[PDB]
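These notes concern the structure reproduced below.
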Ligand SMILES: Nc1ncnc2c1ncn2[C@@H]1O[C@H](COP(=O)(O)OP(=O)(O)CP(=O)(O)O)[C@@H](O)[C@H]1O
Ligand SMILES: Nc1ncnc2c1ncn2[C@@H]1O[C@H](COP(=O)(O)OP(=O)(O)CP(=O)(O)O)[C@@H](O)[C@H]1O
Ligand SMILES: [Mg+2]
Ligand SMILES: [Zn+2]
Ligand SMILES: [Zn+2]
């Protein structure tokens, strides 16, 4: 509402509302949930990247100050790595987005002095920043997506292979034809307990059958011993056919 | 008597053993308040979680009880250390003891303080410039704009960082060095008593530990941290008949073995006066062995390297930059992130080796066939030929083609010439397909497979804990017949901490009072026999005929 009121002032304040409402889409919510799943790992990854770039910038400032000249005109005063802050800003701006390291933007290593050291520097820059630290970011998202798939599969399997009220598996109920469906529709049904609670709440204490009054007394004391919790009607009366 | 039962419920412990019959027997004992308080410490819970993870993941079905007893003994030793650190020549000695106890009590807070000092040092050292002329050949000076504040400060922080590093290395020396000494002594004593590593056989080669453990055997101060001080007599009595008594006695020190027997009673020794005696009372060989054991530990070497770099940082250089990477590994989340990369380092290094072999082969092919295209100059009469030599061509390939991302054809000349056009096109296509596409996908897939591997292992460990008993062989489905039967089984009948407190009570009690069942359990523990565990049975299954 604040942004809607500010939009009356002649500006572009109405542009953000598109991102305000697009999160409401369910499919987009499931897509964004994987990125939101491991935000902490992402921010420590960015911190580790910043530390690595700072260390490489320090090494370049100590040893490779002469190669960070980015000018073509003679008598050039444009030295990028004369200061640590400017060199760090240049590294963070260029080397991360370069995709091939710092050697593509720095001077040629064709000089005899400090050639192998600069080659090793460029190889380590390419290997440690571009290759591994982006693969970690991709693998975090892929691991999140699969983790959400495994959790959904486990939730569905738990529903299909359990009773959620009793402790008896479906293998015992599968002796009779469609025994498990009868158990999960009539003997339990959850909605049955919901409607029983509705009937107990609607009925006044004056009118409360003995069993219903006992259930109300257990509910008032917050005692959950009225649930079967590992037993059913069939197991108690297994001697008889019913 | 409900109030009596509720008052003594935390102090009452139960355990189910099997001994002296073919039936399960219950033993009730007393749990101390301080042991229960020490059990609830987060470090003890983290050690327990690590032990459970190691047992479930890599530990087999067999020998689980031996690892459980070893973990229990380590927990007892940690509790003893925490009890001892808990809080004029004599005044100076008590001040030194108090300072050592204070340093031992606060160890990780000083570590975080060292991290804060390193961050402050890096933040101050951010402002640092170089100039060709001295301020007010090239010189280095900080254009901080705040005169006289940072140059003086970073020196207070340097001295404080050195002092904190020294205090942390002292705290590590007095704190966790004792556990590894106790573990090494216990392992050596058990190997000598039960395995006969030096009595029957010999660890002649492929072990640096077997050769290094020979120095402490002859020292009279062999039992220092281990509880049993009679291991040498037990070994002598065990191997006195098969092997020569004199040889086994001489190999384990034990001078004047005949005089050790109390049948003589010739004279009683007199106490020496404790002046200057401390110089002679030390054992040089034992201290050398202990120093070698300390030098063997990885964390001691890490702290020594940290202190060396801290001392070198006083010399005006940038030696303080690496400390950020030294401490950032201590973060748990960063540790779990880096563990996936550390999980498959070997596959990565053979991948780099295969990449090097492929680049060498392609460089050889280019040198044999495509030497003319590796000219990287614009000025006429160009002597800059990259692939005139095999070493220079290999260096050029390793520098350019790997980081190019599109192959060697983007940097080499144009294939528009009629001669050797299709061969160079095929060369470029194979370079792009074999290096950039597959060999980076392998690197990414290794990390993703490591992450999936760690997720599957954690899921398996948790599922094994939820679906098993970890002591008996009965699943939770049998215990789930009664309401909350599995919770009652896993809290009262087992509980692990119950066995830990039973071991505490057995250790604290002297052999004189051991009740018959407790004496039997002590006798089985002395012989290292683990048949007192149920291992597939419980109280309910034995007495299934009755309701209780
Ligand atoms: N007491 C109970 N115990 C165990 N499962 C129960 C249950 N009550 C319902 N269910 C489970 O619900 C599962 C399927 O129902 P679901 O939750 O998918 O409903 P639904 O939203 O698809 C409506 P509909 O199926 O009529 O289109 C059944 O396999 C059953 O096991
Ligand atoms: N003897 C035993 N056998 C099998 N499982 C046991 C056990 N003793 C404890 N557990 C298992 O440990 C699990 C619970 O302990 P948990 O590891 O959650 O402790 P905790 O560190 O989280 C303290 P809290 O849960 O009270 O905050 C239970 O599932 C239980 O099965
Ligand atoms: Mg799977
Ligand atoms: Zn049911
Ligand atoms: Zn059990």
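The helix-based estimate of mean residue ellipticity at 222 nm for chain B, built from -39,500 (n - 2.57) per DSSP H run of four or more residues and divided by its residue count, is -18000 deg cm²/dmol to the nearest 500.
A simple packing score, the average count of other Cβ atoms within 10 Å per residue, orders the peptides B:69-75, A:183-189 as B:69-75, A:183-189, with the highest score first. Angle of helix A:26-37 to the longest C-alpha principal axis of chain A, folded into 0 to 90 degrees and rounded to 10: 60°. Calculate the length of the line joining the C-alpha centroid of segment A:99-123 to that of segment B:237-275, in whole Å. Cα centroid to Cα centroid, the span is 71 Å.
Descending by average beta-carbon neighbour count within 10 Å, the peptides A:80-91, A:110-121 line up as A:80-91, A:110-121, the highest first.
For the residues of B:398-405, the average number of beta carbons from a partner chain within 10 Å of their own beta carbon is 5.
Look at the Cα gyration tensor of segment B:386-447: its axes a ≥ b ≥ c give a/c of at least 1.5 with a/b at or below b/c, and that counts as oblate.
Annotation: Cα Rg of segment B:27-116 relative to the compact-globule expectation 2.2 N^0.38 Å equals 1.48. Summarising the label geometry, the points placed 7 Å from Cα in the beta-carbon direction at residue B:297 and residue A:212 lie 7.2 nm from one another. The relative contact order of segment B:392-525, computed from alpha carbon pairs under 8 Å that lie at least 6 residues apart in sequence, is 12 percent. Normalised by the number of residues in segment A:84-242, the mean separation of alpha-carbon contacts (under 8 Å, six or more apart) gives a relative contact order of 16 percent. Kirkwood radius and radius of gyration were both taken over the C-alpha atoms of segment B:76-195, and their ratio Rg/Rh is 1.24. Relative to the longest principal axis of the Cα atoms of chain A, the long axis of helix A:210-220 makes an angle of roughly 30 degrees. Shape analysis of the protein assembly as shown places it in the oblate category; the axes a ≥ b ≥ c from the Cα gyration tensor give an a/c of at least 1.5, with a/b not above b/c.
For the segment B:96-107, counting C-beta atoms of other chains within 10 Å of every residue's C-beta and taking the mean gives 0. Segment B:289-315 and segment A:1-80 have Cα centres lying 40 Å from one another.
Remark: mean inter-chain Cβ contacts per residue of B:444-451 equal 5, using a 10 Å Cβ-Cβ cutoff to other protein chain atoms. Averaged over residues, the count of other Cβ atoms within 10 Å places the peptides B:160-167, B:263-270, B:242-249 in the sequence B:160-167, B:242-249, B:263-270, highest first. Would you work out if segment B:314-404 is rounded, prolate or oblate? Take a ≥ b ≥ c from the square roots of the eigenvalues of the alpha-carbon gyration tensor; rounded if a/c is under 1.5, else prolate when a/b is larger than b/c, oblate otherwise. Cα axes put segment B:314-404 in the oblate bin.
For segment B:343-467, taking the reciprocal of the average inverse distance between every pair of different Cα atoms yields a Kirkwood hydrodynamic radius of 17.1 Å.
Each reported figure results from applying straightforward, stated rules to the coordinates on display, with no laboratory input. Note: ideal-geometry Cβ built from the backbone for every residue, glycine included; neighbour counts use all protein chains shown.
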